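One protein chain, two forms: both are listed below as structure tokens, the first as structure 1 and the second as structure 2.
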Structure 1
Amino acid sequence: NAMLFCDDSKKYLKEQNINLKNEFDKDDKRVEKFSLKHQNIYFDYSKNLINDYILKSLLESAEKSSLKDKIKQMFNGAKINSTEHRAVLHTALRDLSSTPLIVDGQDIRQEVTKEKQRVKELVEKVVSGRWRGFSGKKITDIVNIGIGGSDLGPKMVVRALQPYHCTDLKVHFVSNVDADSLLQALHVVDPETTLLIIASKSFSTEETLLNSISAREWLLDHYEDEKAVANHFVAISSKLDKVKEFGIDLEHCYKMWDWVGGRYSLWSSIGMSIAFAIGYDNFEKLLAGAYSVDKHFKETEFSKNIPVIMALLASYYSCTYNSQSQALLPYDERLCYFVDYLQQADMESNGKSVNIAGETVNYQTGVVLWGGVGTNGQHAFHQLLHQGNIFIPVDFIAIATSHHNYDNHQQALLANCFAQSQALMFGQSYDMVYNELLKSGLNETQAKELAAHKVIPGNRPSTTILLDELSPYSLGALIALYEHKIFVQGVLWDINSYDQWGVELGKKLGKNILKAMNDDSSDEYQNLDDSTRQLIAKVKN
């Protein structure tokens, strides 16, 4: 009996036939109406296909929904992950409010704070040289072993905050079971000077098991002494009994909890590799930036609430325009893993076909998230954004000031960002193009033959999110805005954003195929479909 977001009313808001050029021409308050600020982030949604009536309608849907209650439930530790019967408490990992919070018997404030202090102490001990390897040498390299939620957030943040690296440690990320991943690290690190991190909430993920066993074999090939594991491995898990079983003791184990989703885990002990690159102080700033956004989201009326507006725009488009993707365009090299990161956070959350009650939904839910760094994308897929015939909402991320003094480069980067959103909005008409071709020296026959191919239809929507700089704090705020957008969309679709029963299945598949690959007389091999069977046959011969 939840409110239906994608209803007949939405399908018909589109009939307003918004013309963005006309709106900016006629409404001198357009930017004031359709932009928001949060500290030093400027959120400009004014190039979206909305006017007051459409935004009002969308906000009414949010107000009529369970969203207000669901926000409170999330922060209070209610078990909103209803299919796994878990709280959803990534927010608590970065809390600065210190309000009381007791969940399933645990003082969450105390638990979070104590574990941070343990990570901070480990980083300090390693960076200061108090932690030595088994042969007594100072550590110079950190290798994180993990996949998915135990890999991509730390990897993305370490890159994004490269200018802030300050520990004299090189941090490497091993993830894929493809041994190329492990080898890229092992080829450049020395067993006597490397600390290995086994990052795994479950401690039973195939890839991370195989990679950790292989890394341990490499370490022990060198030292020929099992006692060396103590100086060269730590673990991060919710499953401490399983860590001990691998050979790492509790004093070398760092906790996370069931209420930390992998794709929302960089804020937890899983982020230790981030601290090892940028120092713990900068890791605290990353968390504080997210807290600022958490407070904004929790406390702000929906009409002025950035994540809510992000979510309403996105779901409006995917409902009313039947779009099946969204483009995210970060105009900063440091954000080269940001699309990949959000692709996981978004699609793994909201790629769901049933509602909370288990009913198959008759409306589309999460769509594909993709994109690429600017300005490079302008040379590639922006062609399709300008002249294809696919409706695609676009977010640009711009950073006002960079980390260097090549001011001409930075000005050009921003000019291009703003030009691209402007060009999506205006396009270029046949008449404009034709007259420009004549002015360039083409005769009338030539200009008539070419002009239609240069028409850019325009009236295509975009949002621009402008940060003052890309610091630990502003990056943390930026990620948190999208975390909450994803949450709001899930609420409005009445799905569970926090389970992943397709990912869970993936972790159990192909034990059967491995068995088949190793014995063609097995039941497993006999029961194969023939496509799988002939693929296996081809990798044998």
Structure 2
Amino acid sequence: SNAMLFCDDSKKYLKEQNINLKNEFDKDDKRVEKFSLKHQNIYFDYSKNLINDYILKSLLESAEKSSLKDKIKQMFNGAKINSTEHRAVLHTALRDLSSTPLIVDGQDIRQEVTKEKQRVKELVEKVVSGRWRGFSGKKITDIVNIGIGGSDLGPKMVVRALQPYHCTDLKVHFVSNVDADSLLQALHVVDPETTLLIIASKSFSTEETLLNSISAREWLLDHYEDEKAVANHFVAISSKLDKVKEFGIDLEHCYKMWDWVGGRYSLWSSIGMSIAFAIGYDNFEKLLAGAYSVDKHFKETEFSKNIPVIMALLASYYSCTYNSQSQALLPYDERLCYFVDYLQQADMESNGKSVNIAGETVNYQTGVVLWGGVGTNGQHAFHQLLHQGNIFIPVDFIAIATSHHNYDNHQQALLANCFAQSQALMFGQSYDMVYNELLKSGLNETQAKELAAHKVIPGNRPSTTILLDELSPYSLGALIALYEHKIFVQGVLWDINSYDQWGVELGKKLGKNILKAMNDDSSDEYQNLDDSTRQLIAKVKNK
């Protein structure tokens, strides 16, 4: 295509600068000032990355020469930047506070977002206040969200992350996998007379959600033995109005899903109602507002001071020039235990693409594996490989300055460990240092010589630390939005469509064919199987 090539020959010459982090911090008393940014109460420290002024300048020039400035405007204005589906990409509009005019494919987006939020707010208030009653007349005590992917991970992550803010006296449960263990974990602990279930399914056709929904309905009706009970116990987030009505849900309680909201960008929409059912609508608004803060930052700030742009440039630089194939994300807070899982979908489902916008196969690597784990626990699981393995892996740390309790010694130790692990990545420890330490420990020269090489830690390994003041609805919204925009920037620089997901279609089709084969070994489906699939089906049956 005619697009600027990001991963070009010039990028390799940047890495020949041979950056040594210890030397840079020693020589440059402005290093932190140069390579850190603030947005409100988020501090973004990228100074332990393998950059200097020349490398950063070069990368920023690539951003400036690219289509990025135009693409940011196009996203926010509702241009159809999801070019394979001919759709706008307007998750930003879900959290807008600017109130500027936005008319897209005939709809006043401001009015439609606002009116839908009012419907959800009113639902949550009616349920929490006890005005909503189940079919036997009882107040609701439990909410069960039924959805998968986009319709599960964001709500589940946010509900956990904001646990200190739970305030509705409702318990919220998440059913997702078609594996019935998921449904059963909820059903074992809820009462049909006091439970409200949410079916989150755009087309009412996602297989797992359909089976879970039907099985939930059967459970409810086994209790009540009256079809009319569905209306008091189920709501839907769907566009498939006929199937929602056929299930027995009142269309007053069918909530909107717009085509310009990708599933993996949908927690901000009515899909997030389970968040509001846990933390109340006021806190859901604060979540939205935090994201807006970052949207305004991203939209308005010159690239050299723009956090998501810097995040994207660093990531793409590493995966281009060091040929790295993964990135580690290390949240140093228990509350963020589903954060990595959530961003795996946002990042990998967006940028795991092999063709550009024009449909040409690209000759450079695109999205890499995102993985990681909560700290300090990861220090005792996989940090060994981060320190002494021989895989190049960029590392992001998320630190939270203050927690939600008064165990101040624990919080101090948590932070000290976070900072110590980035410092260890930067400095390492050399043979001479180790050898001298072993002698001082009481080993003799022979013993110290035999052991020291095994303790050497190469160091000079990069990291970024993102420090939040606290983990509140607002700050979490800001955090998630930073990564949403990082992912957007990377897709623009790689000239891919971050907003489609055609790769998942084949497995859905093959799954239907295999289900048919499992039920009828005379079928064309069974006959056409590869023999691996055929013998796996046989092993299952002859159990």
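Whichever C-alpha set is largest while still superposing within 1.5 Å between the two forms counts as the rigid core. The first residue in the sequence of structure 1 is number 1, and each one after it adds one.
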Among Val354, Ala423, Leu240, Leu450, whose C-alpha is off by 2 Å or more between the two structures on a rigid-core fit?
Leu240
My question is whether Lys26 is one of the residues whose C-alpha shifts by 2 Å or more between the two structures, given a fit on the rigid core.
no
Taking the rigid core as the superposition reference, indicate whether the CA of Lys64 shifts 2 angstroms or more between the two structures.
no
Using a rigid core alignment, state whether the CA of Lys508 is displaced by 2 Å or more between the two structures.
yes
Quote the shift of the Cα of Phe203 between the two structures to one decimal place in Å, the two forms being superposed on the rigid core.
1.9
How much does the C-alpha of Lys155 move between the two structures, in Å, when the core is lined up?
0.1
Rigid-core fit: what Cα movement does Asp249 have between the two structures, in Å to one decimal?
2.4
